[PDB]
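Residue numbers (my numbering), protein chains in the order written: chain A, 1 to 219; chain B, 1001 to 1219; chain C, 2001 to 2049; chain D, 3001 to 3208; chain E, 4001 to 4208; chain F, 5001 to 5208.
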Amino acid sequence: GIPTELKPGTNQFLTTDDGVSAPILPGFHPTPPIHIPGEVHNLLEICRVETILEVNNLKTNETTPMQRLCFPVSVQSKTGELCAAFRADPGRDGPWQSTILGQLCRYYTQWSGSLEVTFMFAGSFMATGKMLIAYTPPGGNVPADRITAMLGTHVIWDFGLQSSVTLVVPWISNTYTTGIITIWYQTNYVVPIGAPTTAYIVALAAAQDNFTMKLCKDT
Amino acid sequence: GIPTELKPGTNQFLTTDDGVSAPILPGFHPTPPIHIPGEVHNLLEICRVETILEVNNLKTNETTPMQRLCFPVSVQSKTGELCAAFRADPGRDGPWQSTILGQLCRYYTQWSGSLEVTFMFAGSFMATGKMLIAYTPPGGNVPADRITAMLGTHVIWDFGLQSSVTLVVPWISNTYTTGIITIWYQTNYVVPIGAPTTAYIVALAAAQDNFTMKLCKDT
Amino acid sequence: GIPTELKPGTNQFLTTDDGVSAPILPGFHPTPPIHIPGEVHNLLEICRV
Amino acid sequence: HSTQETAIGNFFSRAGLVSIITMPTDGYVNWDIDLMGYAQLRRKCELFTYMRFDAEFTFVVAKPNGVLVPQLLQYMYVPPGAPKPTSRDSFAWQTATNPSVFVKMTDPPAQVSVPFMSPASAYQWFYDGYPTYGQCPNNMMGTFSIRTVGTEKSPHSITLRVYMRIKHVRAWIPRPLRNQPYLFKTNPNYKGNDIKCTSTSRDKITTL
Amino acid sequence: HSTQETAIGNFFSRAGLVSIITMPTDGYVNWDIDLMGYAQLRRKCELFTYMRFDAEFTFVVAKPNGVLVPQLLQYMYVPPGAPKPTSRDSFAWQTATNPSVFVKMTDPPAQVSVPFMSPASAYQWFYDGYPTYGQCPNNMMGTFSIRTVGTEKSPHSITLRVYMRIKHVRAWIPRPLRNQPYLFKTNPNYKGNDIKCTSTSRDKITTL
Amino acid sequence: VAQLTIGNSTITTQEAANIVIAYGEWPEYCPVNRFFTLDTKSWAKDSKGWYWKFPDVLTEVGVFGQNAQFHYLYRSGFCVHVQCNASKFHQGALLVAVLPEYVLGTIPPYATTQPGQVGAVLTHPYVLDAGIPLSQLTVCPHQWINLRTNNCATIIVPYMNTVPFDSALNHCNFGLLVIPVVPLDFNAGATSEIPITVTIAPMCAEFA
C-alpha cells in the first residue's frame, strides 16, 4: 500500500467543518425545485427595507402598545422647543429594537455603514407648519437651543408641501459613538376651523447599500 | 509518508453504501453470459401489462375463489341501475391487490401517473345490450342516478359491436383522492331463443407510460 | 478503498512541523491589511543600525 | 468590506445540538427528526416561509460521565412513511429498507447525510389551511431509532447527543421575526393575557 | 419524474441480514450460502426466473450483549465442491485453496466479495425437471466456516450476524408474485387445505 | 381619472401608477375576468383592523366561486385594490399588506381561520394575532394609505406555493391585512365612520 502517516487532529469532531459525508439513501432522487417568487440570497436584502421605529416607547404605553409607533405634534406647544430625541444605535436597546435592522444586528458582533431615517406626517390636509430634524455627530453634545441645533446638520421639513422627509445618518460603527437625532418645532402647528388640533408622525428606518456586518453570534 | 487525517464517520458500517470490496477469488474466471430472452431492466415493464382485477370480491366468494374474477350481467336487472362500483386506488386494499400493479406498489411509498382499465364481455355472440362506464374525479361524490353519471366522464359501451372497451384514469397520486368507477345498465340485456340469459365481464388493469414510483419500502 | 499503510511516526506531535490545520471559523473574513510604514522582513535590518 | 457573512449559507452553518438522548439501564429510543424543539433555530427558521436543504447528523455517544466502553451500537434511520420499531426485538430492526449504521463507542462519531425528503418542492413551516386535523403541514423528515446490538441487556447506561448541520440552504419569502414567547411546538399560539412590547421603555421621549 | 428507482439494481441494493450465528461456550459453525431463508428476498427473488449477480458479505461480530473483547477470529470460505470442515481441528482449516480472513473483534467488520459461482450462465430458482432426486437445481454458492483461532477453548460467547449486498443484478423472465404462505425452503409447496384469497372482501359489489 | 371595464364590471379610479408588484413578478401562465367589489368596512375612531383570506374570500360570490367548489385544482394570481373615501378634514393612516401563509394564533375555530367574504377583525393588532410584531410588517409587500395625500392602494400578487396546483377549498394562499397604524380623527359634526372598499380581480386563472 501507499505509506501514510496520521497527523494531530485525528479523530476529532470540530463542529464547524465543511466536509462531505456518507449519503444515507443513494438511490433516492429528491423532488426537483420549481420557481417560487421571493428568494432571499443575502440577509442584507432584509435590512434594506423600511420598518417602523418605536420612538414613543414610554413606560405608560406598555398596556396599550399600539400608541408606541406614533408620537404627537399638537397646537398648544410653543415654537422653538423639543419634540423628540433618540440615539442612532441599532444594536442597543430603545427605539431600534422594533426594526428589522435592530433585530438582525443581535445575530452579529460588528457592523458598519450608513442608515436612513424616514418620517411621515399623518395629519389633516388643511394643517401646515414646520419642523427641524437635527442630527448630531458622535462626540458632540445634544443641543439645548433650536438655534444651536440649526448650526449643525439639519433639514427644515414643512408638511404643507412634503408629507414625508428622509434623513441620512452618514456613518455608525461598533466593535459611545451615537448619532443623536432631535426634532424641533420650527413654527407652531397652524390649523383652520374644523380640522383636528393634534396630529401624529411615524418614523421608519432602514440601512443603506454600504451596510455590512460580520462575526455571527447567537442571542 | 503522506500526511493524512481521520474524519468522523471512520470505522462505521453504513448498510447502504456502494463501495468496492476485496475479491475472495482473484484467479477465478466466471461463466460468460449468453443470450436469454426476456431480460427485465426496469420494474415498470412489469407494471405495464394487463392483469386481472378482482372486482367480485365478496365475502361469499372466499370458499370458491375462482368466481372472484368475473362479475355477472343478467336479464332480470332493470335498466338504469348500478352493476359495479370500485375505487381507483392501486396501493390500498380491495380489488387492486390481485393485479401486478397493486403488488409492486406495496414495495414503494409514493407513486403518480395514469392507469388504464380494460373490460371484456364474455357472453354469447347472439346477445346484445349497452353499458355505461362512468368515472368520477377525486373530490366528487358517487352518482346516485344514471343521468347524473352521464354528465361527467363516461363511455357508452355496447357489446353488440365491441366485445372489449378501455377506460383511462387521467391521474392518481399518493404521498382520500380516489377515482371511483361505476358501471350502469344503459339498456337491458337482450337475448334470443337458445342463448343463455346471464353473462360475465372480466376487468383488467395496467399502468401507462407516465407512471413512476419512488422511495423503496419493504412490506 | 485505496490500500494504505501506517509508517512509524504515526500519532506523534513534533512541535516544529509546518502543516495545515483545521480552521475554527471558515465563514470569517478577517480585516484586510493596510499600509503601515516600517515593516521588518529580516532581523538583520535591526542589526545594521 | 465584504458581504459574504450575511449570505444564506453562512447564516445556517455551524452544526449545533438538536437532541440529547438518555438510555439508562425498554432498551431503545425513537427520536423523530424535528427542528422546532429549541428556541434558537426555530426563531431563526421562522424568518422565512419556505426552506429547502439537506441535513447532516453526528452522533457523539458516551456514558453519563464522560467515559467510553467497548460497546457496539446501531443507529437505524426510518424513512418517512415506513413503520417505526415497536419493541427492542421487533421485525423492523432487520428490515433492509431502513438504513442503519454500526459503530463502536470507542470510535470517532458517526456521520450521516440525509437528503431533501419532501414530496413538495420545499419545506414550509407555516401552513394556513387544513391537511385533511389541526393547521399543520406534512414535512416529516424521518425518525432515528437507536439501540445496542445483542439479545440480552447491556449493563451500560448510554447517553448520546445529536448534532446537525444544514447544507445547501435556499430560503423564500421573508417574514417578521417573532417577539412573543413560544407556548407549543406546532402552532404560533402566544400568551394573549400579557403582551411583551418589542422595545424597552424610557422615562420621557426626550430623555435619550 | 425519473424512472431510476425502479431499476433492477436499485430493487436489490441495500445490504440486509441473511443469518445470525450464535457460537456459545463443538467450537465452530458452518453456514452454507442460501438466500431463501427469510420471507423477504425470497418473494422478491421469485418474481423472476433467472438471476445473475455477485454477493458481498459483511460480518458484524460481538458478544451476546453488545461488548467486544480482544479476540482473534477466522472466517473460511469453502468454494462449491470443496469438502467442508468436520471438527474444530480438521485438516480443512489449513487448506490453501479455501480462502480465509483473519480479523479481531475490535476492528471494523470484515467485508468479502464473492463472484458468480455457477457452472451455468445464471442462477435459477425454479428447476422443472430432475437433476439425476427431488426437483431442485444445483446453484450452490458456497459455505462459510467460522471459528476462533487457537488450540484451546476461548472463554467468550461469540454471536455474529451476516449482512449481504447483491451487486450487478441481471434478471430474466418475470413471474407472478407468490400470494400463498411458504411451507418448506426447497419446493413451492403451499397449504392446499385453506387457500388465502389475493384480495380482501367487502359487503356487496357496490359498497365501495 | 380612468374607467376600468373588464368583464361586465366597471370601476372608476384615478391614474395612480403606485402599483406594487409582490416580489417583482407578474402573474403568468405555464406552471372570472372581472372585478369583485366586496362590502365596505366602516373605519371608526377605535377600529382595530381587518383581514381577508385568499382565495376563500371569493367562494361565496358567483362564477369564480362556483368554479372553486369544482375541478379540485386551482392556480391564479390576484390584483387587490383598496381605497378609502374621506374628506380633507379627516386624518389617519392605514397599512395595507399581504402575508403569505398567514397562520393565526389562539389566546382556532373554523370561522376565524377562513372568515369568508366579509372578513374578520383583529383582536390584538400589535402582534397581528400571530405573535409577530406590527413594526416589521413592511418586509411584506405593503402600501400606505395616508389620508392627507392619497386614497387608494393597489397590489399585484402572483401565485406562491410549494406545489404548482392546490385545492382551493382547504388551503388559503395568503391574507390581506388593513391596519390603522395612526387612528382616525376628526372634529365634532363630520362623518363619524369612513368607508374602506376592497376590489379583487383574479389574474391568470387556471384550473387544469
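Where is the CB? At the ideal position from N, CA and C, for every residue including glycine.
Quick test of your reading: residue i and residue j, contact by CB under 8 Å. State the CB separation rounded to the nearest angstrom.
i, j, result
"E:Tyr4075", "E:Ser4100", "7 Å"
"F:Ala5201", "F:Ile5021", "Their Cβ separation, rounded to whole angstroms, is 15 Å, which puts F:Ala5201 and F:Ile5021 out of contact at 8 Å."
"D:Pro3108", "B:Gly1009", "7 Å"
"B:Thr1136", "B:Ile1180", "4 Å"
"D:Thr3198", "D:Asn3179", "5 Å"
"A:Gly113", "A:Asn210", "5 Å"
"residue 237 of chain A", "F:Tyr5126", "Because residue 237 of chain A is not part of the residues shown, which for chain A are 1 to 219, the question remains open."
"A:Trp157", "A:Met131", "5 Å"
"B:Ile1024", "E:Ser4113", "6 Å"
"F:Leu5073", "F:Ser5192", "That pair is no contact at about 46 Å."
When the cut-off is 8 Å and only beta carbons count, does residue i lie next to chain A?
i, result
"C:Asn2011", "yes"
"B:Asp1218", "no"
"D:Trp3093", "no"
"residue 4992 of chain F", "Past the edges of chain F, shown from 5001 to 5208, lies residue 4992 of chain F, and the structure says nothing about it."
Comparing alpha-carbon positions, which option in the options lies nearest residue i?
i, options, result
"B:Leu1014", "E:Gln4111, E:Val4103 and E:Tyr4133", "E:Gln4111"
"A:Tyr176", "A:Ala84, A:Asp89, A:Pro143 and A:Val169", "A:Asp89"
"B:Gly1102", "B:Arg1068, B:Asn1141 and B:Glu1050", "B:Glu1050"
"F:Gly5062", "F:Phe5036, F:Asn5018 and F:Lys5048", "F:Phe5036"
"A:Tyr108", "A:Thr212, A:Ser124, A:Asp158 and A:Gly1", "A:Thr212"
"A:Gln208", "A:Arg87, A:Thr31, A:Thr148 and A:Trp171", "A:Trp171"
"E:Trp4093", "E:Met4105, E:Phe4184 and E:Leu4073", "E:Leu4073"
"B:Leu1058", "B:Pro1196, B:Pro1072 and B:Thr1187", "B:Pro1072"
"E:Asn4187", "E:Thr4143, E:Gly4129, E:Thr4148 and E:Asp4203", "E:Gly4129"
"D:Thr3049", "F:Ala5208, F:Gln5066, F:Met5160 and F:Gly5189", "F:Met5160"
"B:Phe1159", "B:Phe1125, B:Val1169 and B:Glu1045", "B:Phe1125"
"B:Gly1019", "E:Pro4174, E:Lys4167, E:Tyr4190 and E:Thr4206", "E:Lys4167"
Can a CB atom of chain D be found closer than 8 Å to the CB of residue i?
i, result
"C:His2029", "yes"
"C:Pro2032", "yes"
"E:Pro4137", "no"
"E:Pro4155", "no"
"A:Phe121", "no"
Tell me, please, whether the CB atom of residue i is closer than 8 Å to any CB atom in chain F?
i, result
"A:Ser163", "yes"
"B:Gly1139", "yes"
Between which two residues does the alpha helix (DSSP H) containing residue i stretch?
i, result
"D:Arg3161", "Segment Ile3158 to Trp3172 is the beta strand (DSSP E) holding D:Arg3161; no alpha helix (DSSP H) there."
"B:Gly1102", "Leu1101 to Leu1104"
"E:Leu4041", "That residue, E:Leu4041, is in no alpha helix (DSSP H); it is neither H nor E in DSSP."
"F:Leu5177", "Per DSSP, F:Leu5177 belongs to no alpha helix (DSSP H); it is in the beta strand (DSSP E), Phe5174 to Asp5185."
"A:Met150", "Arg146 to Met150"
"C:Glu2045", "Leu2044 to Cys2047"
How far does the beta strand (DSSP E) with residue i in it reach, from first residue to last?
i, result
"F:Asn5067", "Premise fails: F:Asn5067 lies in the alpha helix (DSSP H), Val5063 to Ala5068, not in any beta strand (DSSP E)."
"B:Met1213", "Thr1212 to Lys1214"
"F:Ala5153", "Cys5152 to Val5157"
"D:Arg3147", "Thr3143 to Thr3148"
"A:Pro3", "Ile2 to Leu6"
Within 10 Å of its beta-carbon, does residue i have 16 or more other beta-carbons around it, so buried, or fewer, so exposed?
i, result
"D:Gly3066", "exposed"
"E:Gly4027", "exposed"
"B:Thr1099", "buried"
"A:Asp145", "exposed"
"D:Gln3071", "buried"
"B:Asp1218", "buried"
"D:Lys3104", "buried"
Is there at least one Cβ from chain E nearer than 8 Å to residue i's Cβ?
i, result
"B:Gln1097", "yes"
"B:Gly1080", "no"
With hydrogens ignored, establish whether the beta-carbon of residue i is closer than 7 Å to any heavy atom of the ligand GTP.
i, result
"A:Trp184", "Looking at this structure, you won't find the ligand GTP or any other ligand, since it has none at all."
Taking 8 Å as the threshold (beta carbon to beta carbon), is residue i in contact with chain C?
i, result
"A:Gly1", "yes"
So, does the CB of residue i fall closer than 8 Å to a CB anywhere in chain B?
i, result
"E:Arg4042", "no"
"D:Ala3110", "yes"
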